[PDB]
């Protein structure tokens, strides 16, 4: 009786929110709008054998989930104060009418599932369980049993079996959501126990496939970097279920739960910049924008996705330690302060429950935390994040482990080169709307920023769906001290015969970008995209050019040979429906500044060097471009790419095979960063080929003593030089050694 009723009440608190004043803004307007939607839904609801609302047939099954969604809105209007429809028996009759129609015509145990599994096993049942919970006492026993038997039919015990296929990660968590509630609502303790127990395989760190990795990476669909959308769905579901079940017979007690809590700062926080979650980790969702089925008309975007992740963090914080909660709330206060693009505290997709959690954080005592300066190399998902005072940057690569891109379900048909060394960035202290402001629906998908590509025309969905296309390469990764980094990609171009070695050296106010071994036989030109910047509608930002640099007002600049650099400023018009079959067709115009190098047709061993200085002033760029001292390119070929930056005491090298660059030598493919600081230095080494075979490094500098070394590092010699043997493992860990200089 009572433990099932207690669980149902707890769920409704989580879902519909508690401890807010319905007459206070933003709650009052949000509730009122929910009443407005509910009244239009009610008036248009039109039951037929094949739909419940016009334009939304049950085949494809998206129409079923869409109908349950409108029924949930209707149910919110009925159960919440302030909606204009609270307790209206006419509205209640129409909800029950819709529910009965769905149960009679489509969502029932005689149906053999067709089309997208997700609609039947995740979209629809979670909504059906929510509506069943909220209306429980009005529905009667036959409606509740009917709902429970639909869920048993579409999500049978065997789905929360084997940790495989469609029952992994974010998906597993979503399945457990419906089975848990089905257990609560149907008073079926075994179903609740099964949902709790089935979460356990979600928690451990993984070394392959879907899940969280030790290095903070998050992978879904086997091969797709996905922290920003799937990872948010996992976090959301987990937070909700942890909160629901706490104190009950079915509380989640697995100690691996703690790894989920750890992931907040290790995995997710680094990818959030002033409210946005970087598009590098949003997979096919970058293409959504305005969705035709979204009755709130809220644009999907990096900021939209970041705000959903922030909301998930707020729910998870409720079961965290005091110390964890305090840190997460400070981060969240900071993202709230700095998000000027989509103000978190009035975000239009948040229902009142999310609003109340976020407002509680904003109102609590505590300081808003800045994003720390530092580097995060998520090697397991081939992503890097760099933060400096002047800028934030995200890099996307691809490898034999990590797909070039994800297309599927009509989404992201032209994202082919999102993994071709794509460097995204934001100038700190300016509005963070670069990628948000109709970027994806207007961009030239042949000229993504940072990438090297064949100009060969590609089909929509070229390479296959769901992360099918991976380049046939191993050496993708890098080495980092947590501040600076050497990062490298052995690139094989999607649908092309292009091969290249690209490297990035992330420094204190710049990213030095090296390209070598650029070879193609496609019979068309090959380009490297120095940058490609959305200027907004009607942009008039000045582009100023010099001998060996270019600068874009409000953005930053590039050190690059001025006679080689090609530039185009143009207006481009597009719609989200160009890149998503589920999106709206309205067309808008954005102005672009595009900068590239042309390697000609069928290059053989072509190369480039350029430096990007995001957020820099025109004078800073001019000075740096004229300064011969600050950077030495030690090597740039298909064997080794390496730099020296004396102002940082830094030598960094990506060794594509055994060899030497400046003062460093390696016996195998490796990434090496050395930092000298006064009388000591730190050497860091990783092995991006991931063979796990030992290799030796020599650093040609006098070294007196070894202060410390990781257990993976053996010291073979000190004196005139440092000679180390490293056993590097198979996950591209950076190993360290710290020595005193002579």
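Residue numbers count along the first chain shown, from 1.
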Between the two ranges 356-364 and 542-550, the one averaging a larger CA B factor in the entry: 356-364
Higher-scoring stretch by recorded Cα B factor average, 247-255 or 455-463: 247-255
Selection by C-alpha B-factor (highest) of 346, 392, 489, 594: 346
Residue with highest C-alpha B-factor in the PDB entry, from 270, 515, 123, 165: 165
B-factor third for the C-alpha atom of residue 319 within its chain: highest
Assigned third (lowest, middle, highest) for the C-alpha B factor of residue 691: highest
Position of residue 208 among the chain's modelled residues by C-alpha B-factor, lowest, middle or highest third: highest
Residue 64 - Cα temperature factor, lowest/middle/highest third of chain: lowest
CA B-factor ranking of residue 525, expressed as a third of its chain: middle
